[PDB]
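Enquirer: Sequence isn't available, so here's the structure alone:
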């Protein structure tokens, strides 16, 4: 097999938010069977970021999700060839972000190439005014359509002072070879910025994910 109990991560994101470009690089460590990963992220271009870092964190790999035996694991099957995803994130105040990721494997290291593009975030909204605190537990619902795997989720950012800010996610996952397709199921995600410096130029990000049906 190519999926080891301990795996490394190398990533680069290039993007823009409201037309202002940035680039971030990351290195990390994960446990694919435990559904846990941690990474250190560094802003390389476009800092200090003028928007809430929280809109980026889900963009920074479902191979790091604990799948039980009675649910088909689309992601672990896809390697060594890998898979890609495409995603839209629609915020309740009309901000919309698109992103793509292409995930390959080199030795014991996942390499991720991410593109991120957000538009129409209001100047006095919680994204541009950096008023977000954390994502709540996020439940992704996955289903097959047209021979590939789709998902969506209704997620919520908690806000400074209280209340929530809603975002709907839609993702399409595409394996780069023929794999067994799963039945309908869910993945619960806990995502958390563990530490960061003042302007978020340095971030430590952790994720824990588990599939259920």
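Expert: Noted; the coordinates are in hand. Numbering: from 1, shown residues only.
Enquirer: Buried residues, the strand or helix carrying residue 29. List them.
Expert: Element membership for residue 29, per DSSP states H and E: strand 20-31. Using 16 or more other CB atoms under 10 Å as the test for burial, strand 20-31 gives 22-24, 26, 28, 30-31. C-betas here are computed from N, CA, C, even on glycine.
Enquirer: do stretch 91-100 as well
Expert: Across stretch 91-100, burial judged by 16+ other CB under 10 Å covers 91, 95, 97, 99.
Enquirer: ok, now stretch 7-18?
Expert: 7-11, 13-15, 17-18.
Enquirer: could I get the buried residues of stretch 91-100 as CSV with distance to residue 114 and secondary structure?
Expert: CSV is the format used below for those (distance: CB to CB, whole Å; DSSP: H, G, I helix; E, B strand; the rest coil):
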residue, distance to residue 114, secondary structure
91, 19, strand
95, 18, coil
97, 12, strand
99, 7, strand
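Enquirer: so who does the nearest residue to residue 53 once chain neighbours are set aside touch?
Expert: Among residues not flanking residue 53 along the chain, residue 200 sits closest, at 4.5 Å (CB to CB, 6 or more residues apart in numbering). Contact analysis of residue 200 by CB atoms under 8 Å, 6 or more residues apart in numbering lists 43, 48-49, 53.
Enquirer: And the strands in the protein?
Expert: Here the chain has its strands, by DSSP state E, at 7-17, 20-31, 36-45, 83-91, 96-106, 109-119, 132-135, 138-145, 148-159, 164-175, 185-196, 202-212.
Enquirer: got those as CSV, with distance to residue 126 columns?
Expert: Below are the strands of the chain laid out as CSV (distance: least, CB to CB, whole Å):
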stretch, distance to residue 126
strand 7-17, 13
strand 20-31, 17
strand 36-45, 20
strand 83-91, 9
strand 96-106, 14
strand 109-119, 13
strand 132-135, 5
strand 138-145, 17
strand 148-159, 6
strand 164-175, 5
strand 185-196, 16
strand 202-212, 18
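Enquirer: what residue is smack in the middle of this structure?
Expert: The centroid of the chain falls nearest to residue 58 when counting by CA atoms, centre = their mean (2.5 Å).
Enquirer: measure that residue to residue 177 for me?
Expert: 25 Å (CB to CB, to the nearest Å).
Enquirer: Could you do residue 11 as well?
Expert: 22 Å.
Enquirer: cool, residue 119 as well?
Expert: 34 Å.
Enquirer: Next: residue 51.
Expert: In terms of CB to CB, residue 51 sits 37 Å off from residue 177.
Enquirer: same question, residue 101
Expert: Distance from residue 101 to residue 177, counting by CB to CB: 17 Å.
Enquirer: who's more crowded, the two?
Expert: The residue with more neighbours, out of residue 101 and residue 177, is residue 101; 21 against 11, by other CB atoms under 10 Å.
Enquirer: Now do the contacts for that one.
Expert: Neighbours of residue 101 in contact, by CB under 8 Å, 6+ apart: 59, 61, 84-85, 87, 112-115.
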